[PDB]
Structure formats: structure tokens, C-alpha cells
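Q: Input: one structure, supplied below.
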Amino acid sequence: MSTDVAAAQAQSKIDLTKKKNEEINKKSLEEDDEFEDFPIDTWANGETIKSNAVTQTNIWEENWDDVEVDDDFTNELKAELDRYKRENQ
Amino acid sequence: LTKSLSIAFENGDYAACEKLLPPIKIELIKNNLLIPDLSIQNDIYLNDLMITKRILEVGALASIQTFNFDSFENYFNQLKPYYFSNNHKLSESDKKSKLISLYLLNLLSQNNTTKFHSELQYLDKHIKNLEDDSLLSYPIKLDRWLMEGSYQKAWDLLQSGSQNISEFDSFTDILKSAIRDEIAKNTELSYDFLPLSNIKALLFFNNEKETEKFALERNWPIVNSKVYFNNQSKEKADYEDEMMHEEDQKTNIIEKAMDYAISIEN
Amino acid sequence: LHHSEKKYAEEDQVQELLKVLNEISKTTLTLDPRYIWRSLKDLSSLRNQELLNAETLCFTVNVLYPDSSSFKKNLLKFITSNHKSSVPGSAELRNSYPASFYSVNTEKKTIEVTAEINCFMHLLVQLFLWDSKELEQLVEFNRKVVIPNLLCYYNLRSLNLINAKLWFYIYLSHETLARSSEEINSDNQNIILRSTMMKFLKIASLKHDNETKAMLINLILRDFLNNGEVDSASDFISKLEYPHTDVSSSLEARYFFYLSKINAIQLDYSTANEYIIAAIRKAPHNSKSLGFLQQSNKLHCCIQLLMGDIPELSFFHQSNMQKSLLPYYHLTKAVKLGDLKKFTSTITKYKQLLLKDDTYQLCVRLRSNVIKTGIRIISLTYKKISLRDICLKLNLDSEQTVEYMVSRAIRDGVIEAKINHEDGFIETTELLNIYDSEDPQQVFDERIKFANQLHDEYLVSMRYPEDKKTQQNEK
Amino acid sequence: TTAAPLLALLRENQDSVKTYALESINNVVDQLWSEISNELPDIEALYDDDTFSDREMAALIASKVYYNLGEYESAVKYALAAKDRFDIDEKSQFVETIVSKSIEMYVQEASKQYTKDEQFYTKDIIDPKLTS
């Protein structure tokens, strides 16, 4: 579990005996692991992580969607509605 | 001494309290010493602790109303350790909730929000959900309306903070004054031309002479009922240069190249 | 049987201890003893957790202790006493050594090099508590004994770097004990703790031992952050000169992380942003460091929204942290649209989670920022835009009201517009052609200096170990 | 704690509590050093006034704060302003910090002035409190 692309930070530091325990010490300092407490707290598996296709699981390159609206519905109405105003003028 | 102050305060005199307080500061050396400074608290030191809070509590309340903001704070700081520890034994108090509401207002009128948030963080661990927010809500709401800069909401809240006639009305006047200055800085960027009518609304004045009164003192050149804010921007920009730092503030063409060169030849 | 396991573990400790002991006798060394010590740090944890609990007791008894054995034994009697392996050959020998603290030499008292051994005993017991995961009184006992033992002698340079790690564990158990539950006894003990921290730092200043000081600085900053005395912390950060020398990459990571929190409360959103990206790059990627990284990533997202910068949507999806950062993901979207209605709902809905992380305080400040960010979109999308139209989009009430909001927001100069009151629209002054200005010069000037400083850092580091190979024998 | 109470006492104009204030400040001057440094010209104003017996105490506070600040030369100036309360830090396991820097400061003065003259014991370059 790493932030953004994992391999970019995996190469930055690998396993060393000096730092290994020190890694725990920082985590313990903040107090929790903070990825296992949120499910207990909410008291059910979220649906706000299934809020978009990418939010649950991303095996894609980010679209930049986070609003996800079908735009074919509104455009179809735009074309026809404009046409009527002109026809009834 | 302690009781002589007490009865000065209830009468309704705070000029009486203030005169008689330097005698009470002497005896406050003793009240701080009879408690061992909260290294241990018992039900013996609970009696002692009540004396130490009570003397400072009323002295602090009096200060606001005689417009001695300096003295008000001097007492509030002394309270801080009893509020800080031993919570669930006379450290949480009805007077504590009321007193934090006013303290927060004093800081905001200094016009440093930097201090405000820092105090605010401390109140989270203490009472802010335990005695909930209903008057501890007020100083936060006001801060929000100024940071976003909705000044209608801000002016409204202070207007309704003048129906808070006890000692809360004493920070409200300072905060109506401060707002006039705030919008007057803003309008430098926004405008270069306003009619007199448009100036009057924005600075929250109801009188025409009051608008022209501020304009002289703020150094707006309103000539023919029209301001020229671009003159005003020049002054403020010019002031930023005048302070001697001035060689490297302008930043010389020649100087960049010299810098680059020497680093390579270090 | 049981003794066999203790004996295997005992020998482990002794070789790492013996190695260092030789090194500091030639002249006190810092980084070379530190490398050994750091590996031993990990080891003590994996043996103590998995393998017995009187395994610590065997070593402590066997060496000549000043009182430390007595202190260890009390803890164990309470949870069911063990007195086995305190019998000769486990309380008579002081562990084979050549002469450094050898059994015969020590008993005869030609030597009593108990010094480093005493520091290591403190580390074992403190670790063993944290490994057990017990708080209240066990913590209080650990604090009382070890703090005055070390201060009734002026530590030598070498011993001093060990005791910074002791100061850490005492503080951590104490802090979490207060965060267990509100207690009238927990509260009074925090003043006790506060005093010792700053006193430790003053000793660390005297010897100019760099890693001792840096580690101690972190603990003071953490405690300030938890008590809400940022006022008291502003002063403290202004009088820093933080060493970047003998530190661990774990120390440096924590340090930059602490500045960012203080900075955010002082409405430094600019320096805060560099500092948190910096903290993550020293910090390892690991599942071992995860709770540290989480808090860093939450801190970073919020900092950007307070700028008006708006974090990437990418940041949330590609991380393996989507659930933890789930509120931050929704905050990023809320500010993006300019939606008051969404935003008010998001921070109430997630209030408690936000409140645990002590970032609930930061989030409320974003209420202004939805309004400012809303106006920056609006000036891009429309050059000239009526006052009324803006009110529709952001759910506002009057033309006069939105004029105040923009007036204030361009005093911060984010929108880069100017308001026409007399005509009813807001007209942007953005047209660039800033490649005709001297602006690129300044920007280029800064990049070069950063490059030059990277050379300097290449110089100090590169040639320093070269010298050492000429010094050591390998011909 | 906070250095905030300590400030209040300085801003209060009653003589009794200013005399008291210096004593509270020097007690926890190894906890609140950075905090009190900001409002320290107040303490120089009390030091100047001779309505106090705690001119020695007012001065001694400055010394400790300057060492923790990082300025050792000034810590010693205020060491010598304070007068005494410096022979008890030659046997403590905490603060010997301020004392040692004075010793270093002597060596600085001596080198400049020996070359001019052997006698620098009659010189006033060398402070008598520095010598002692």
C-alpha cells in the first residue's frame, strides 16, 4: 500500500534493518494504521467508494470524471428544443 | 479585601472594582501559593482552588466594561492552568463557558486570526461539544464571514450582537469600525470609479457626511464625487519599495549574471 | 528448556553490544555505533514479542545492574512471577567478554563498565512495554525510574544518543494514555511530562549532539499540536536551526511534517505545501510506515484546497488509501464545483472522522474557500458576467452581496479581475504576454540556485567516504 | 504550561506582583524560554528600575533565555549583570551551561591584551566579575 504509483516509491527505499523498526515508530506515533479503523467506524462497507467506476478500483488511466453525467440526454434535447423555437418563430 | 471587591462588582460599578484591585493583587500572590500549582489536587485544594479561580474570574469580567482590554487578558491568562487539567472536578464551570465566549472576541478584535485558530484548537479538547456551542458559536461564525468576505452576513451578526447587552456589546463597536477599513482596502483593487452613492453603501454608512469624513482620513481623493483609487494603489506600492532592502528587492539584471558566474567559479 | 530459548536470545544481544563497546573505547563515535544500534533496535522487538517475557529478565539479572533488575522484576511478578534462571550460571556470570566487561574482571572490580549495558537495559524494558501494548501504571513505573538515573551523571557523547530513543517511548505511552480516556489523574500528569521534555533538550544543546536534539524537537512539537498551544509553538519554530547531519531519514520526515501543521494554522499555505511533499520523499513507502503516511497525505490534500490549488482526482484513486482519504476525496469535489450545499453536508457527514485526525479544525476554514474558488471558475468561464448570473450559480441572494465577496477575494488576488459596479459586470484583466515582462528572469534565477545547491550537496556527500577508504587497511 | 500568566504580571502596575513575577519566571525558565523571549524588553525595564531588589533576578532570567536562544556572548553579559547566583551552578547536574561560556569568553579578551601589555590585571578591558 503506497500513495500514487507504488513502484516509484518502492525503488526510493527498499528493506533495511536500520530503518525497519523506525518505520513502525512513526506509524505508532500518529496512532493507528488508518486504513482498517475507517471500516469499523462507519459500521458497513461503503457505497461512496463505489461512487464512480475508478473510485472502487482503478485499472485505468484517470478520465478526470468525478461527476459522471450522460451528456447525450441533454444534447439531444438541446438540438430539438432550439429547432422548435425557430419553427414556431 | 476579597469580599470588598466582591460587593463592588455586584453593585454595578467596575470603576470601583478597578481602583480596589491593586490591593487585591497583593493578596493574589497568597492565593496562587496556597495551591501547590496543581501538582496534586485533593478536596482540601478544591476549596483553595475555588478561591483562586473566583478572585480572577470577577476581576476579569469587570475589565471589559471599563475598556481595559489589557487588564481583561491579564486575568484570563492566570485562569488557563485550572481550565487545562483536573477536568471532572471544578475545572469545568458555568462561568468558564461564558468567559471563553468573551475572550475569543477580544482576540478577534486585535485582527489577528492567527491567534484565534490556535486558541480555537484548545477549545476542541475542552468544552465545545460537552457544553455545546450556543454562544461559543458566535466568535467562530463571525470569523468565517470575514475570511470569505461576505460583509452583509458579518454586519448582520454584529447588529444582532448589539442585542447582547451585557459586556458583549463592548467588542461589537470595535468590530464595526474594523470592517470599514477592510472594505476600503478592497475597493482599491475592485474599482477606480465610484459615485458617492455607491461609496456610501459599501462602507456601511447611512450619512453622506460620514462617507466624506472617512474619505479625508483614509486619504481617498474624492473630487467631484468620484474617487480615483489608482492614485491610492500607487501610494501603497510606493510604501512597499521605500523601506531599505532595496537593491535586491528590485533585483538587478547585472546582479543575476554575477551570481550565476560565481557559483560556477566557487 | 525455557532457559535454552533465553540463552539463544541472550547471545544475540551481547555481540551487538560487544562490538559497539569496542568502538566507543577508542574515541566516542556517533554514526558508526548508530548503525549497529539501529539494527539491534529492530531485533529486540522481534525476539521479545514472539519469544518469552522473562527473556528480558535473564540478561538483566546476569549483568551487574545498579537497580535495573529490581525494576524489571516488579513488573513480571504482577502478571505471574518467574524466578527461574536467576540461579547460578544465570546470576553469577556477567557474560563472557575478553576484558571489556568479563565475568572474572567485573566481579573482582578492576572494572565496572556497566555504562552502555545500563542504557541497553532501559531500552529493553521500554520496548517490552510497547510490544505488550499495555498502558496505565506500567508506563508510570518506567518513567519514574529511568529519567533520574540518566541525569545523576553527565552522559558521555556516546551514551547520549541512546537516551533520545528512551525519551520517545516514555512520551508516546504517556500521550496515548491521556488519549485513552479523560481522567483527572491523566490530566495532572501531563504537566509533569511537559517539564521534562524541554529540560532534556537543553542538555542536548550543551553537547551539540545533532540527532539527540532533532528527536527531542519532534516530541515538543507533537505535544503542542495535541494541546492546542500553537501560539506557544510559533515562538518555538522561530528559534530552530534544525540539524540535517547525523539524523535518520525517519527524523527528517517527522520534522517537515510538524512544520506543515503549524504553518497551516498560521495561514502559511505556501511553505506548508513544499514542506509536506518534502516529508513524504524522505519517508519510506512501507505498510510499516502507513499511519504516518496517511496523516501526511490528509494534511497535504487540505493544504491545497486552502490555497485554492485543488488536489488532483488522480491522487485519491491510484493510492491504496482511498477509504482513509475518502472525506478528502469528497472535499476536493465540493470546492471544485463551488457548492456550499455539498460542502456543508460533507463535513457534517464525516465530522467525527475528521475530528479524530485533528483536521476537523482545518475543514471548517474551507467554507470561505468554496466561495473564493467559485469565483475563480466564473472569471475564467466568462469575461464579462452579470452580478445576477453569479447569484444563480452559487445560490446567492443579492448583487450587492456578491460584490463584497469578490472585493475581498481579489485583495488576496486569486481571481485577477476588477468589478464594474456602474455597469453590473466583472471584467478580468488576464491577457498574459508575460514573456514581454521581466518575470521569466526571476523564475529562471531561482531554478539555477536550486541546481547549484544540489551540486554542493553532491560535494559534501561524495568525497567524505572516499577519504575513509584510504584510512582503512585493505591493501 | 504557558508563559502567558507570566506576561500578565509584568503588564500589571502593582509593585508587589512585579517583584513576584521575576521569581515565577526564573523557576520554569527551562520550559518557557522561547515563549518569554518575545516580551523580554519588559524585564529590562524592570531591571533599570531601582524600586526592585530583584534587579539581580531580572538580569539572571535574561542569561538563561539567551543561551537557549543561541547567543552565548549576551548570556554572559547578563550573567555579570545579575551578580551572584552562579556559584551554585558549579555543582549542579542540570545548569552548568551559562557558567562555562564565561570561561571561554575570558580567553578571548586575554589574547588581545597580553600582546599590548603583560599587565592587563590593572586593565579595565577585563571585567572584575569576569576575572573572579
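As shown in the C-alpha cells, the chain order sets the letters A, B, ...; within each chain, residues go from 1, and ligands are also counted from 1 in the order they appear.
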Mind checking DSSP for stretch 21-126 of chain D and telling me the helix (DSSP H, G or I) residues as a CSV table (one decimal) with C-alpha atoms, in the first residue's frame?

A:
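Once everything was written out, this is part_19.csv:
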```
chain,number,residue,atom,x,y,z
D,21,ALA,CA,6.8,37.8,38.7
D,22,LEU,CA,10.5,37.6,38.2
D,23,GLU,CA,10.7,34.7,40.8
D,24,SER,CA,7.9,32.7,38.9
D,25,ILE,CA,9.7,33.3,35.6
D,26,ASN,CA,13.2,32.0,36.7
D,27,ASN,CA,11.6,28.9,38.2
D,33,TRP,CA,12.4,30.1,27.4
D,34,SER,CA,11.3,30.6,23.8
D,35,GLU,CA,7.9,31.9,24.9
D,36,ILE,CA,9.2,34.6,27.3
D,37,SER,CA,11.8,35.9,24.9
D,41,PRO,CA,12.2,44.2,26.9
D,42,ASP,CA,9.6,44.4,29.7
D,43,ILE,CA,12.2,42.8,32.0
D,44,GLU,CA,14.9,45.2,31.0
D,45,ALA,CA,12.6,48.0,32.1
D,46,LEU,CA,12.2,46.4,35.5
D,47,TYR,CA,15.9,45.8,35.7
D,48,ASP,CA,16.6,49.5,35.2
D,55,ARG,CA,17.3,43.5,39.6
D,56,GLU,CA,19.7,40.6,40.1
D,57,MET,CA,16.8,38.2,39.4
D,58,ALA,CA,15.5,40.2,36.4
D,59,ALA,CA,19.0,40.0,34.9
D,60,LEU,CA,19.5,36.3,35.7
D,61,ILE,CA,16.4,35.4,33.7
D,62,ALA,CA,17.8,37.1,30.6
D,63,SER,CA,21.0,35.0,30.8
D,64,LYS,CA,19.3,31.6,30.6
D,65,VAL,CA,17.0,32.7,27.8
D,66,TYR,CA,19.9,33.9,25.6
D,67,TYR,CA,21.8,30.6,25.9
D,68,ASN,CA,18.7,28.7,24.7
D,69,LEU,CA,18.2,31.3,22.0
D,72,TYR,CA,26.3,33.0,24.2
D,73,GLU,CA,28.0,36.3,24.3
D,74,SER,CA,24.9,38.1,25.6
D,75,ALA,CA,24.1,35.3,28.0
D,76,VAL,CA,27.3,36.1,29.8
D,77,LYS,CA,26.7,39.8,29.8
D,78,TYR,CA,23.5,39.3,31.8
D,79,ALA,CA,25.4,36.7,33.9
D,80,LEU,CA,27.6,39.5,35.1
D,81,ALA,CA,24.7,42.0,35.5
D,82,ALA,CA,22.9,39.6,37.8
D,97,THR,CA,25.6,25.8,30.8
D,98,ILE,CA,25.8,29.6,31.4
D,99,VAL,CA,29.0,29.4,33.5
D,100,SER,CA,31.2,27.5,31.1
D,101,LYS,CA,30.7,30.1,28.3
D,102,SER,CA,32.1,32.8,30.6
D,103,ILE,CA,35.3,30.9,30.9
D,104,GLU,CA,35.6,30.8,27.1
D,105,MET,CA,35.0,34.5,26.9
D,106,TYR,CA,38.0,35.3,29.2
D,107,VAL,CA,40.4,33.6,26.8
D,108,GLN,CA,39.1,35.9,24.1
D,109,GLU,CA,39.9,39.0,26.0
D,110,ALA,CA,43.3,37.9,27.3
D,111,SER,CA,44.9,37.2,23.9
D,112,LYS,CA,44.1,40.7,22.5
D,113,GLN,CA,45.5,42.4,25.6
D,114,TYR,CA,48.6,40.3,26.6
D,115,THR,CA,50.3,41.4,23.4
D,116,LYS,CA,49.8,45.1,24.2
```

Q: Residues of chain B within 9 Å of chain D, using only C-alpha atoms, as a list in words?

A: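 The contacting residues on chain B are residues 22, 23, 25, 26, 28, 29, 70, 71, 73, 74, 75, 76, 77, 78, 79, 80, 81 and 84 of chain B.
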
Q: Contacts of residue B:1 at 9 Å or less, counting only C-alpha atoms, minus same-chain residues fewer than 4 places along, as a PyMOL selection string?

A: chain B and resi 5-6+20-21+23-24+27

Q: Mind checking which residues fall within 8 Å of stretch 202-219 of chain C, counting only C-alpha atoms, ignoring those fewer than 6 positions away in the same chain, and posting them as an MDAnalysis selection string?

A: (chainID C and resid 157 160:161 164 167:168 171 242:243 245:248 251 254:255 258) or (chainID D and resid 30 68 94 97)

Q: Those residues you just picked out, can you put them in a file as an mmCIF file, in the first residue's frame with N, CA and C atoms?

A:
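As written to disk, again_28.cif reads:
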```cif
data_model
loop_
_atom_site.group_PDB
_atom_site.id
_atom_site.type_symbol
_atom_site.label_atom_id
_atom_site.label_comp_id
_atom_site.auth_asym_id
_atom_site.auth_seq_id
_atom_site.Cartn_x
_atom_site.Cartn_y
_atom_site.Cartn_z
ATOM 1 N N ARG C 157 29.124 11.557 25.310
ATOM 2 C CA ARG C 157 28.621 11.773 23.969
ATOM 3 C C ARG C 157 27.954 10.547 23.403
ATOM 4 N N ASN C 160 24.551 9.314 25.103
ATOM 5 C CA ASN C 160 23.543 10.347 24.999
ATOM 6 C C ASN C 160 22.607 10.093 23.838
ATOM 7 N N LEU C 161 23.137 9.581 22.728
ATOM 8 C CA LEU C 161 22.332 9.278 21.554
ATOM 9 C C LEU C 161 21.381 8.116 21.810
ATOM 10 N N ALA C 164 17.829 9.293 23.656
ATOM 11 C CA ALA C 164 16.821 10.030 22.905
ATOM 12 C C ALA C 164 15.685 9.110 22.523
ATOM 13 N N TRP C 167 13.494 8.634 25.540
ATOM 14 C CA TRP C 167 12.604 9.748 25.809
ATOM 15 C C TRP C 167 11.341 9.651 24.958
ATOM 16 N N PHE C 168 11.492 9.086 23.763
ATOM 17 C CA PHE C 168 10.418 8.876 22.803
ATOM 18 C C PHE C 168 9.330 7.933 23.313
ATOM 19 N N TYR C 171 7.249 9.193 26.383
ATOM 20 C CA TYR C 171 6.332 10.221 25.937
ATOM 21 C C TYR C 171 5.136 9.624 25.198
ATOM 22 N N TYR C 242 17.381 23.505 12.809
ATOM 23 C CA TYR C 242 17.368 22.054 12.718
ATOM 24 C C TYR C 242 18.572 21.435 12.005
ATOM 25 N N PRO C 243 19.366 20.619 12.707
ATOM 26 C CA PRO C 243 20.433 19.855 12.049
ATOM 27 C C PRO C 243 19.934 18.888 10.986
ATOM 28 N N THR C 245 22.340 16.608 9.710
ATOM 29 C CA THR C 245 23.600 15.880 9.666
ATOM 30 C C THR C 245 23.520 14.389 9.981
ATOM 31 N N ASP C 246 23.427 14.063 11.269
ATOM 32 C CA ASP C 246 23.606 12.721 11.835
ATOM 33 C C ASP C 246 22.263 12.059 11.971
ATOM 34 N N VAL C 247 21.235 12.804 11.611
ATOM 35 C CA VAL C 247 19.861 12.372 11.654
ATOM 36 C C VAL C 247 19.636 11.093 10.880
ATOM 37 N N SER C 248 18.571 10.425 11.255
ATOM 38 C CA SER C 248 17.946 9.378 10.480
ATOM 39 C C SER C 248 16.913 9.952 9.542
ATOM 40 N N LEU C 251 13.773 10.800 11.180
ATOM 41 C CA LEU C 251 13.726 12.048 11.969
ATOM 42 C C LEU C 251 13.353 13.229 11.094
ATOM 43 N N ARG C 254 9.613 13.278 9.972
ATOM 44 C CA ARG C 254 8.714 13.769 11.023
ATOM 45 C C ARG C 254 8.816 15.278 11.145
ATOM 46 N N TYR C 255 10.038 15.810 11.007
ATOM 47 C CA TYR C 255 10.268 17.227 11.247
ATOM 48 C C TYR C 255 9.487 18.100 10.273
ATOM 49 N N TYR C 258 5.845 18.277 10.914
ATOM 50 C CA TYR C 258 5.366 19.104 12.015
ATOM 51 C C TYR C 258 5.271 20.581 11.614
ATOM 52 N N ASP D 30 13.414 26.996 31.965
ATOM 53 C CA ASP D 30 13.983 25.863 31.239
ATOM 54 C C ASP D 30 12.844 25.080 30.582
ATOM 55 N N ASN D 68 19.635 29.510 25.411
ATOM 56 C CA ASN D 68 18.699 28.671 24.697
ATOM 57 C C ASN D 68 18.346 29.307 23.368
ATOM 58 N N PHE D 94 22.393 19.869 36.233
ATOM 59 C CA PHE D 94 21.497 20.451 35.238
ATOM 60 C C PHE D 94 22.163 21.622 34.507
ATOM 61 N N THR D 97 25.558 25.361 32.200
ATOM 62 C CA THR D 97 25.565 25.844 30.824
ATOM 63 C C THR D 97 26.063 27.284 30.698
#
```

Q: Considering only C-alpha atoms, return as a list in words whatever protein or nucleic-acid residues lie within 6 Å of stretch 10-27 of chain A, sequence-local ones (same chain, fewer than 2 positions apart) excluded.

A: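 Residues near the query, excluding close chain neighbours: residues 7, 8, 29 and 30 of chain A; 38, 39, 42, 284, 288, 289, 291 and 292 of chain C.
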
Q: With only C-alpha atoms as the basis for distance, which of B:44, B:158, B:55, B:189 is at the shortest distance from chain C?

A: B:189

Q: Can you list, as a PyMOL selection string, every protein, DNA or RNA residue that comes within 6 Å of stretch 229-238 of chain B when you count only C-alpha atoms, leaving out same-chain residues fewer than 3 positions away?

A: chain B and resi 188+192+241

Q: Write the residues of the preceding selection, restricted to N, CA and C atoms, as an mmCIF file, in the first residue's frame.

A:
```
data_model
loop_
_atom_site.group_PDB
_atom_site.id
_atom_site.type_symbol
_atom_site.label_atom_id
_atom_site.label_comp_id
_atom_site.auth_asym_id
_atom_site.auth_seq_id
_atom_site.Cartn_x
_atom_site.Cartn_y
_atom_site.Cartn_z
ATOM 1 N N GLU B 188 -9.729 49.310 -3.596
ATOM 2 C CA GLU B 188 -8.618 49.779 -4.411
ATOM 3 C C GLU B 188 -8.474 48.886 -5.612
ATOM 4 N N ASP B 192 -11.900 51.965 -9.710
ATOM 5 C CA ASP B 192 -11.128 53.186 -9.864
ATOM 6 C C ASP B 192 -12.159 54.308 -9.861
ATOM 7 N N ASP B 241 8.240 49.706 -1.568
ATOM 8 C CA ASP B 241 9.603 49.966 -2.070
ATOM 9 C C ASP B 241 10.465 50.790 -1.107
#
```
